[PDB]
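Listed below are the residues making up each chain.
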Amino acid sequence: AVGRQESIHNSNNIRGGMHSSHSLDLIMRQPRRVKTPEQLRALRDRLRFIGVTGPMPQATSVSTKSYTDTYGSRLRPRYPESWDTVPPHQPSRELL
Amino acid sequence: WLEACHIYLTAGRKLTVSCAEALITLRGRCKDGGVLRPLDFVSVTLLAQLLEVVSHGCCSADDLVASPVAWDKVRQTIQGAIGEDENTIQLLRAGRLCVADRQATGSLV
Amino acid sequence: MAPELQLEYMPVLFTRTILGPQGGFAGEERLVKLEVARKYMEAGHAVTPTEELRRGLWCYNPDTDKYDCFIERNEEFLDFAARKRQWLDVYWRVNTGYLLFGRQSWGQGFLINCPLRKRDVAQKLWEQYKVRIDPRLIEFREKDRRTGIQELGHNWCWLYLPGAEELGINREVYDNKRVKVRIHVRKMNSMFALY
Amino acid sequence: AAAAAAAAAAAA
Amino acid sequence: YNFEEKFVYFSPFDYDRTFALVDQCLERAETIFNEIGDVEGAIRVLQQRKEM
Amino acid sequence: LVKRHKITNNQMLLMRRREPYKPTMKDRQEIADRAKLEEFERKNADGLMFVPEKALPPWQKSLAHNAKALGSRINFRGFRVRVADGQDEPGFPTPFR
Amino acid sequence: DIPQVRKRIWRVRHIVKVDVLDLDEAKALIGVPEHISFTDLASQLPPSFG
Amino acid sequence: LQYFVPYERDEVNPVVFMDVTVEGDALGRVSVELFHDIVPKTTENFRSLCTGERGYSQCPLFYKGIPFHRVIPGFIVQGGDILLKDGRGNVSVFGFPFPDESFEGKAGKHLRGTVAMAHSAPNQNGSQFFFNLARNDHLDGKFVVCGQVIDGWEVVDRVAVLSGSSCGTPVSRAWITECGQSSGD
Amino acid sequence: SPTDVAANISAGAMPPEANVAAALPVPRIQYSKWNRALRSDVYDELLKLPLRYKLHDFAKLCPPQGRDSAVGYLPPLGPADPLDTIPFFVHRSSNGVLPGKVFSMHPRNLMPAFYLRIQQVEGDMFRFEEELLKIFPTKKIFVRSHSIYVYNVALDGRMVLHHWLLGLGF
Amino acid sequence: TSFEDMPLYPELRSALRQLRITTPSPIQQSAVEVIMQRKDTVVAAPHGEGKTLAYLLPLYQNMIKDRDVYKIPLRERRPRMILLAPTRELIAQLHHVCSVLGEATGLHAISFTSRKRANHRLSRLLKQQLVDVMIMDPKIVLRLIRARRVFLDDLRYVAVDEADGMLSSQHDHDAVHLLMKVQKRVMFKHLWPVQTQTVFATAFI
Amino acid sequence: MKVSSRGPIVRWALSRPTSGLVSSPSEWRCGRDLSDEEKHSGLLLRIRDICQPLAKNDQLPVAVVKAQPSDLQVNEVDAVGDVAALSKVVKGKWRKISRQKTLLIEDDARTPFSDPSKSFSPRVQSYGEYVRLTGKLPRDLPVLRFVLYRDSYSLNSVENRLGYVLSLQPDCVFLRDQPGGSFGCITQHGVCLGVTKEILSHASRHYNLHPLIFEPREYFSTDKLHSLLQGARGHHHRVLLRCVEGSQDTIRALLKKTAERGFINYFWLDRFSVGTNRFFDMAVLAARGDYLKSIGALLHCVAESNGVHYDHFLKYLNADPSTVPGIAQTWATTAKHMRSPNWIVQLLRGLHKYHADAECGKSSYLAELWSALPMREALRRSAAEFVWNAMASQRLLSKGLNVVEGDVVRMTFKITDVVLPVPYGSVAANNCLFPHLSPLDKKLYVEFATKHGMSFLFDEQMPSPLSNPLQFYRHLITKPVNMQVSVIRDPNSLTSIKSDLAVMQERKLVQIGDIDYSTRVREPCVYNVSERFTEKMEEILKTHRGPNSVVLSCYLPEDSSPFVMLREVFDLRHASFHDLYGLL
Amino acid sequence: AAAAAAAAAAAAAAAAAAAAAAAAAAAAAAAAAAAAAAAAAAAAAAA
Amino acid sequence: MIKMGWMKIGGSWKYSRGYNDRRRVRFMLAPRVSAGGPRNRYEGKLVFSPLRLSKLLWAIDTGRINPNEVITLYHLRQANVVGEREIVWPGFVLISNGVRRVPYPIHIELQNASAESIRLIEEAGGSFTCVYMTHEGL
Ligand SMILES: Nc1ncnc2c1ncn2[C@@H]1O[C@H](COP(=O)(O)OP(=O)(O)O)[C@@H](O)[C@H]1O
Ligand SMILES: [Mg+2]
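This entry, as listed in the PDB, derives from cryo-EM and reports a resolution of 3.5 Å.

This paragraph deals with the overall build of chain J. The secondary structure content of chain J amounts to 8 helices and 6 strands. Along chain J, helices (α) and strands (β) appear in the sequence α-α-β-α-β-α-β-α-β-α-β-α-α-β when read from the amino end. Whereas a compact globule of 205 residues would reach a radius of gyration of roughly 17 Å, chain J reaches 16 Å, a difference of no more than 12%. On the principal axes, the C-alpha backbone points of chain J span a range of 45 × 40 × 35 Å. Across the 205 residues of chain J, 56% fall into the buried class. Long-range pairs, those at least 24 residues apart, make up 72% of the contacts in chain J between residues at least 6 apart in sequence. Accessible surface for chain J amounts to roughly 8900 Å². Of this, 52% is attributable to carbon and sulfur atoms.

On to the interface of chain E and chain A, then. Listed by partner, the interface residues are 10 residues for chain E and 12 residues for chain A. Across the interface of chain E and chain A, roughly 860 Å² is buried in total on both sides, 47% from carbon and sulfur atoms. Of all residues in chain E, the largest losses of buried area upon contact with chain A belong to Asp14(E), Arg17(E) and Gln24(E), amounting jointly to 53% of the total for that side. The interface formed by chain E and chain A includes 7 residue pairs in polar contact. Listed by contribution, the elements that provide at least two residues to the side of chain E that touches chain A are α1 (12-15) and α2 (17-36) of chain E.

This brings us to the nonpolar core. Of all hydrophobic cores here, the largest spans 126 residues; its most connected members are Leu241(K), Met282(K), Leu299(K), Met454(K), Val550(K), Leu566(K) and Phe570(K). When residues in this core are grouped by element, the largest group, 10 residues, is from helix α14 (residues 376-398) of chain K. Those residues in contact with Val550(K), other than ones at most four positions away along the chain, are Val239(K), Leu240(K), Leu241(K), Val244(K), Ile251(K), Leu255(K), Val485(K), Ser486(K) and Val487(K). In terms of nonpolar packing, the next biggest core, distinct from the first, is built from 47 residues, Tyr9(J), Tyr55(J), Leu94(J) and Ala159(J) among them.

On to helix α6 (residues 138-146) of chain J, then. Residues and elements named next belong to chain J. Every buried residue of α6 is listed here: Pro138, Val141, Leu142, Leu144 and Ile145. When α6 is viewed along its axis, its buried side chains cluster within an angular range of 160 degrees and face the same direction. Contacts from the buried residues of α6 go to β2 (81-84), α5 (118-128), β4 (133-135), α7 (163-167) and α8 (174-187). Positive backbone phi, approximately 40 degrees, marks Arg148, located one or two places after α6.

Before going further, it helps to examine the interface of chain I and chain K. Contacts between the two partners involve 32 residues from chain I, matched on the other side by 31 residues from chain K. Together, the buried faces of chain I and chain K total about 2400 Å²; carbon and sulfur atoms form 59% of this surface. At the boundary of chain I and chain K, one finds 1 salt bridge. A salt bridge links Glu17(I) to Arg205(K); the shortest N-O distance between them is 3.5 Å. Listed by contribution, the elements that provide at least two residues to the side of chain I that touches chain K are α1 (5-11), α2 (19-23) and α3 (40-48) of chain I. Take the side of chain I that touches chain K: its biggest share by element is 7 residues, from α3(I).

All names here are of chain J. Lining the immediate environment of ligand 1, one finds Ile21, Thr23, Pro24, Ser25, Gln28, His47, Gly48, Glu49, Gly50, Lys51, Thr52 and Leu53. One of the backbone N or O atoms of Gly48 is found 2.8 Å from an oxygen atom in ligand 1. Between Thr52 and ligand 1, the recorded distance is 2.5 Å, taken from a side-chain N or O atom to an oxygen atom. Counting residues per element, the shell around ligand 1 draws most heavily on helix α3 (residues 51-68), at 3 residues. Taken together, the residues of the shell around ligand 1 sort by class into 3 nonpolar, 7 polar and 2 charged.

Our next topic: a positive patch on the surface. Positive charge collects at one region of the surface, where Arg82(F), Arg115(J), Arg117(J), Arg121(J), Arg124(J), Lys127(J), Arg148(J), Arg149(J), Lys91(K), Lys96(K) and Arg99(K) lie side by side. Sorting elements by how many residues they give to the positive patch places α5(J) first, with 3 residues. With respect to the helices, strands and loops of the structure, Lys127(J) is situated in helix α5. Owing to a relative accessible area of 46%, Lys127(J) belongs among the partly exposed residues under this scheme.

Next up on the list: the pattern of salt bridges. Residue and element names in this part refer to chain I. Applying the stated rule across the entire model yields 70 salt bridges over all chains. With a closest N to O distance of 3.6 Å, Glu131 and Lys134 form a salt bridge. Of this pair, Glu131 and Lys134 both sit in helix α5 (residues 125-135), 3 residues apart, which is roughly one turn of that helix. Taking relative accessible area as the criterion, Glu131 reaches 2% and is therefore assigned buried.

Here the structure, examined in full by the defined rule, presents 0 disulfides over all chains. Just so you know, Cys59(H) is unpaired, no disulfide at all, and the nearest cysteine sulfur is the one on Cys179(H), 13 Å from it. Overall, the relative accessible area of 6% leaves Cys59(H) in the buried class. The structure places no disulfide on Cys360(K), whose sulfur is separated from the nearest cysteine sulfur, that of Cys62(I), by 18 Å.

For this structure, the chain pair with the highest number of contacts among 26 pairs of chains in contact is chains I and K. No interface is formed between chain D and chain L, the nearest pair of C-alpha atoms being 46 Å apart. Between chain K and chain L there is no contact, and the shortest C-alpha to C-alpha separation is 16 Å.

With that settled, consider the pairing of strand β15 (residues 483-489) of chain K. A large share of β15(K) lies buried, amounting to 6 of its 7 residues. Across 2 bridges, the pairing between strand β1 (residues 106-107) of chain B and β15(K) is antiparallel. Opposite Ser107(B), over in β15(K), you have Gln484(K) as the bridge partner.

All names here are of chain J. The sheet built from 6 strands is open, its strands ordered β1-β6-β5-β2-β4-β3 with parallel pairing. Every interior strand has two partners, whereas the edge strands, β1 (41-44) and β3 (109-111), have only one. Within the sheet, the average angular offset between the axes of one strand and its neighbour, ignoring direction, is 15 degrees. Against the sheet, helix α4 (residues 88-105) makes contact with β2, β3 and β4, and its axis sits at roughly 165 degrees relative to β3, the strand it touches most.

With that out of the way, let us pick up the packing of aromatic side chains. Tallied over the entire structure, the rule returns 49 aromatic pairs over all chains. Here the aromatic rings of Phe128(I) and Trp164(I) are separated by 5.4 Å at their centres, their planes lie at 55 degrees, and the arrangement is tilted. Taken together, the positions of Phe128(I) in helix α5 and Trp164(I) in helix α6 (residues 155-167) put the pair 36 residues apart, joining distant regions of the chain. Through pairs of rings, three or more aromatic residues link up here, namely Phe7(E), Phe103(I), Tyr115(I), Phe142(I), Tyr149(I) and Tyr151(I).

Let's shift gears to the pairing of strand β10 (residues 234-244) of chain K. Taken residue by residue, a regular strand's side chains alternate between the two faces of the sheet. Residue and element names in this part refer to chain K. Of all 11 residues in β10, 11 are buried, a share of seventy percent or more. With 5 bridges connecting them, strand β2 (residues 73-77) and β10 associate as antiparallel partners. Within β10, the position partnered with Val74 by the bridge is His237. One ladder, built from 8 bridges, connects β10 with strand β18 (residues 548-556); its direction is antiparallel. Paired with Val244 across the strands is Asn548, a residue of β18.

Procedures and definitions
- Sequence order sets the numbers: each chain starts from 1, possibly unlike the entry numbering, and residues with no coordinates are not included.
- Chains carry letters from A onward and ligands carry numbers from 1 onward, assigned in written order.
- What you see is one piece of a larger assembly, and the values refer to that piece, not the whole.
- Derived side-chain values reflect all non-hydrogen atoms in the structure, with water molecules and hydrogen atoms excluded from consideration.
- Only DSSP runs of H or I with at least four residues qualify as helices, and only runs of E with at least two residues qualify as strands; both kinds are numbered from the N terminus onward.
- The reference for a compact globule is 2.2 Å times residues^0.38; the radius of gyration itself is calculated from the C-alpha atoms.
- Exposure is judged per residue with a 1.4 Å probe applied to protein chains only, and the accessible area is read against the type maximum: over 50% gives exposed, under 20% gives buried, and values in between give partly exposed.
- Throughout, a residue-residue contact means that at least one pair of heavy atoms, one from each residue, lies within 4.5 Å.
- Working definition of accessibility: Shrake-Rupley area with a 1.4 Å probe, residue cover restricted to the visible protein chains.
- As used here, buried area is the combined drop in accessible area, with a 1.4 Å probe, of two parts when they are placed together.
- Here a polar contact is taken to be a pair of N or O atoms separated by no more than 3.5 Å, where protein atoms must pair a possible hydrogen donor with a possible acceptor and residues adjacent in sequence count only if both atoms sit in side chains.
- For the purposes of this section, nonpolar cores are sets of buried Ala, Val, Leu, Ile, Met, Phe, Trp, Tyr and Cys residues that join through side-chain atoms within 4.5 Å.
- What the arc describes is the spread of directions from the helix axis to the C-beta atoms.
- In what follows, salt bridge is the name for a side-chain nitrogen of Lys or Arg lying within 4 Å of a carboxyl oxygen of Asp or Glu.
- Note on definitions. A residue lies near a molecule or strand when any single heavy atom of the residue is within 4 Å of it.
- Only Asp, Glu, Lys and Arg are considered charged in this grouping, and only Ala, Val, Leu, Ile, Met, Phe, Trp, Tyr, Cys and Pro are considered nonpolar; every other residue, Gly among them, is considered polar.
- Patches were defined on residues exceeding 30% relative accessible area and lacking a salt bridge, with like-charge contacts within 9 Å and nonpolar side-chain contacts (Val, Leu, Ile, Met, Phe, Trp, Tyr) within 5 Å.
- Positive charge is attributed to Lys and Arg, negative charge to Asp and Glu, and no charge count is given to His or to the chain ends.
- Where a charge lies is defined by one atom per residue type, namely NZ (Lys), CZ (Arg), CG (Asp) and CD (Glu).
- Here, a disulfide means two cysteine sulfur atoms that sit within 2.5 Å of each other.
- By definition, two strands form a pair when at least two bridges between them are found by DSSP.
- Here the axes come from fitting lines to C-alpha atoms, over the contacting stretch only for helices, and the angles between their N-to-C directions go from 0 to 180 degrees.
- Here is the rule: rings of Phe, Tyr and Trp (six-membered ring for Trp) pair when centre to centre is within 6.5 Å. Planes less than 30 degrees apart are stacked, more than 60 are edge-to-face, and the remainder are tilted.

This is the structure:
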């Protein structure tokens, strides 16, 4: 939130009354949770991609198997199809 | 014309004023030369040598090739050569003036 | 600055002041197109640069109406002449133009829905004449002091140019403290007409 | 005799 | 134009989940047979998958 | 008649042109002419290739072949028939010339 | 926010109302960890979406 | 470290060269021998993509000027997504993702210098490939091996070191500048 | 071929002696129903393409130099792989020509849009269709009890189809 | 409203003084500016406002600019300007009006018409004297181009004196074919960029 | 078993160069730097490296050379002293053998054909038939001496044009190779046998962007054939470098020091192609007998040179052994159709026969094809020149500028007089006086030849070609007799120099003695270069910030490429380099 | 289609960018003359 | 309807008049090359129908034509390699379309043949006779 071009309007309005973006403003006011580039790189390395096309490392544990390997690409779990929880449909269409 | 000029200007073979005048006349009545409405440097040098030979001891080849004024002075000195020779001398002077206009060129021998 | 640009241009020293885009101030050495450069040179308003001219140059003094005012072409004189020519150029650009405006007028009507303001006049001046000015300089007439222009057809206002007294433009213009900006409002296409 | 080592042989 | 409707295709792997389940089960059975070294079992299971 | 269209909202009712993002007829003609001229200039960027006899249009190929028929049956280099229907001279040097 | 989009918005600024969102603001709006990158999200999401 | 060619070179097998450039800095040239005796279809696909012989179907079928969208310091060096250089879409010269040919022996074992064709499905190969960087047991039988590396392995390792990350996303841009076919060497 | 001879000559790469190459294609013996000129490049492309059925040797396809023929007529061979069974069988005409015949969509208007119509296929018409999908991925293919229509195809496509059929046992 | 206002060389000013031209006709006032700006132009005038000078004097100014400032070289069979006129008498008149300007400005203009040995005479003229301007019928110009006696390599100006007849079928569209050849030359890229401009003087449109 | 090679197949040009940018590789587009190729070809050492204790301590200024054919101009100077200059242009004469054919077509359509007064008018179908005017050739003076000016034609292309236009054989024409790349304008003397002036003029082509113009001068008897064939004793080189870093003062200082100190007389890459495999590589392969690999490398170089050959070579390489004969047949047919040189057409036909027929499927047929190939002598000469370059580099590394018990030219001798032998076979190896130095000598020559596979040039002998006779003694370093330089400012590189044909067209004479700034040099303006040239040069300008353009005219004594001197002075990059591919 | 689309985009850009042209008397556009920026009587404050 | 496409039989006829106009159902500037026109089939003109040498060889290879006999137009017709549509006088002309060699001698009797086809037959070793006929003979 440091160094905004909307500081004048913010002072005029927000400080007097709440705005729809109050939560966003609070988040911007709060300091960033990634303090250093070293921490950023550590978190990025920890990050894991599942849908990527290429292979994935498995040195962590041989017994650990991927869902695609266990069940294959053409098979997906029977998601609970309900108004509250709607799953993706037709993975064949999804492919391309 | 160039072959005759070579065989005559050859140091071993001495020249005469009459022969130089004849060569000047032939260069005037040349065919395969450049249009004369500048002139080739080789022909200009040969003609300057012929003119300094005609001048009867006034060796001014360097002056002719360096300064255009030398061409006017030689034209005034010469009297026998009249006609196309005047135009030839004028165009040679123009060509040498154009050549001397350039000094950026460096002869890094 | 490229060789071709220099070939199609030619340096020239301005004996007097010419306010055209290809002109200059007295003693200015500038690269000008061959056509207008030859025009000025034959008219006597400019001359080919030389060492003696650069060290000092003769110019035109209207008091005697002759090219008989010798002046040294030093840095301070060059700066002052540049400033004076800039002032005169702004004045001439404002006076010899017709500030077009495209606004919306619902139906036929007689005036525009959104009146023009000093900010709008300044922006149009920058867009057309490429002149930057403080909007406070622009002053509307008595008829337009309260609600802006708010009228189609031919309109004009006043543009104040300070510094004329310092620079010495007393007798070189009609009024050295004012400039008449002449405006023309019109209904234009949707893309050109905003607001 | 350093050129022999400098210029390696090639057989296309 | 709009001729993709003349070739509209619906994948049985998506419109019949039992077929996909059995296909995966037969693939795993074939892999197990190959690991064990059996040949007749792999041949029969692959042929049944093809017939399905 | 006017092509009526199934609407999806009152904005389609208010709409007059079916494709507002499409230039009017005159602008379409201008843009098409500019595009065709640009394509033609791109094609002609290289010189006018002198295509052989076999590549000439159907109405020049046979005439040229008949004109040069005798030379084809009696082979000797330097035989050229100055036919009239051949490709016209461009007027400038070209890479293919 | 690129020069072409800015050109288009400038051209059609009288039919369009614009709101700005820095990358930080957009990331907060969507609610994703700061260490994750929109480039990573784009690479993950499918190309045949719509 | 030292690099040993995994298998024995075969004069019959085709050779494909590619130059790798990182952030505008040239590194060298990598030569790959494709196992044409065991996987002719994938060999032809890879060779055609590297050479640019075929024209365009959905995108220029040419590895030239394409980045390595996924690099890991010590697992793989992947790249060659002709259609979506970001690394999402997978395309083939044949026009459709072709299936895996055979994982028997030479084409089923992944080794250090080995190269393979990445696929988004267990039976849909494409354009993007990856060089291995160490014995990858878990990849055996899953990804088809297209060939081995003869020269430029140092270039591949340097590219991995420069633009690698356990996340997989490259740190610095690295791409292919000039790729084509070669002769036996 | 990817090369543009005219563009190369214009740039200065190739010599100006390739004007004929830039103008008209290289001479050949055009593939016709009365002359089976087997293009080695076409057959090589068929071999490289990932088809499910093995093809025969091009040396076997070409006649000797069973008797030699200038046109290049040979009786149908057998399947390349005896173990495998071809799901479809293709019959030859009374003259031995293959089924592929190219028609036009609007012959009355002389429309330049042509479609190939394969016939005399007796086995799995749909397996034949799938092979045609592999060969011509981008073309529209329809199947009927009596014929298979491949649209946006012409004499070149008929030649490719006939090469594929000859590579097969048929 | 003045030749003095118009940017003209002293040679052109002397030429017009010799011709006794002192005040520009409105057609000249309107056309000199554009022809100097180097845009394809169509000048129209009611038969005697000075179209000849209007489309000649600016073209000669441009040719002098090319020869001196740009220093474009002059070749043998590649003229700078091609002028077209239907009748032999008009060709001769244009040759005179161009010869006065050529004598004034150092340029050279030729003209040819039907004679006893037309081919021999024209070829001899071309071989002998390289020219800057050629005033000739479009039919003869096309003959020369097709026989590659002349080339459009250095051609930069095309002028038509009777555009109506020249572009109509009354003159076989020879001017149209020549202009299409000029357009092809302009499109051609391997030669130095020549922005050939066409001027059409026409008492009727 | 198909032929093969060793290096990668890189197509220098593009499949469709529509934007002017011809080079396909990005670095080649930005400028081709042949430093690595020169190092591999023998140009290991530099005079500045010898002088300075360190090597490449200061990066040489960058320059780009011969981006336009007019940039490089070469004029020959024969032993007689007469220079090769374009005097006058003579066109091929034709004789009309037939009368124009006309057909009568109806003059009017209203009048019926049945009317006797029907009016018909003639229309011409054929203007007539013409035949080249073969002149009369005296039997006492069969040898014809002429001068040839070629804009961007290789010597092989010129010979092919003479052969197919005139129907003569290659041994009937003798043209001495001219240093410098063939891309630039080159004017040289030439001698032909059994040809007449009219047909020799017909052999030219005047109406092409790249003019190839011939002109005879006089007839000569067969007795003076050897005298005419004697190697040229000079070359006038005019060069124009487009983008050179630095300033006028420093550029002139560099050129002054180079002229004063001379430059090494290396055999520039014009002798050995720039491809991955060189002429000497092909020669050593043939000598050791691997004719299969030799022909494979030949086809590889041809493919790199030509696009269509590149298209077909890859198809042949990747063709299944079943369809390879058909691919070879298609390649041969395509070569014949595009009218490639007869030697390559026959080579491809023989390759097709070798792959098709089992009778020819043996190394004997390949050996026969290689023997029929007419390039063997050229490849062997290239190998000898490579050996000479290596030995000269070793000599300079060991001894240096100073001369100690070294071979000199027999007119205290100087380094300029110092000479080294180039072994053109066993006859040269015997007759020539190799230097008597402990490190460098005939023994080291033989060792280098054996280790690089060039032992044949010492084991056996090679004939001296009549067109360009051998020169066994080649000086170590050379100094230009005359050297003039000019520097201009043109950051966008629009400068140009007029060519000899341009001067002839504008009717002025051609002077070869010195650079003609007033006539030859054109000041920078947009109207100096083509739009294609600007599109090609924009990529170079986006990389090389060279504000200075250098126009130089130099004289070189016997046979030397000015690019060697320019390499020793600057770091030069060739925008146009396809001319270096000697074959095809 | 690519050429037509490019031409349409160029036409739209040309017809929508140069909303107004400087007066010909001040500077003739057809003669290549252009007017520079005169910031003499300007201000720096964000007015 | 011309300007509106296919319209239902129901109605909407008001905006269609060209349809009714069509329902109710330059050369002058070009010269005549000859009295009969170009490519005029005047009586007695020799306009032979093509007979591909490749087609004849294919028929021989398949087995519809016996090489051991002297081939004639009657034999071709009976073998059904040609149809009655293309039997007009003067008959057929042999054309070597895409044929470079004839592996075996062939003896033929057609009404005309190309020089290339005759050369190919003679080189192969067969024979050709141009049996030109009248209508009665044919
Ligand atoms: N400013 C001018 N003032 C006087 N006479 C002019 C002027 N311009 C052209 N002319 C003269 O007027 C006459 C007609 O000129 P001309 O150009 O031949 O007519 P047109 O425009 O029909 O071709 C000529 O005698 C010409 O010299
Ligand atoms: Mg008139």
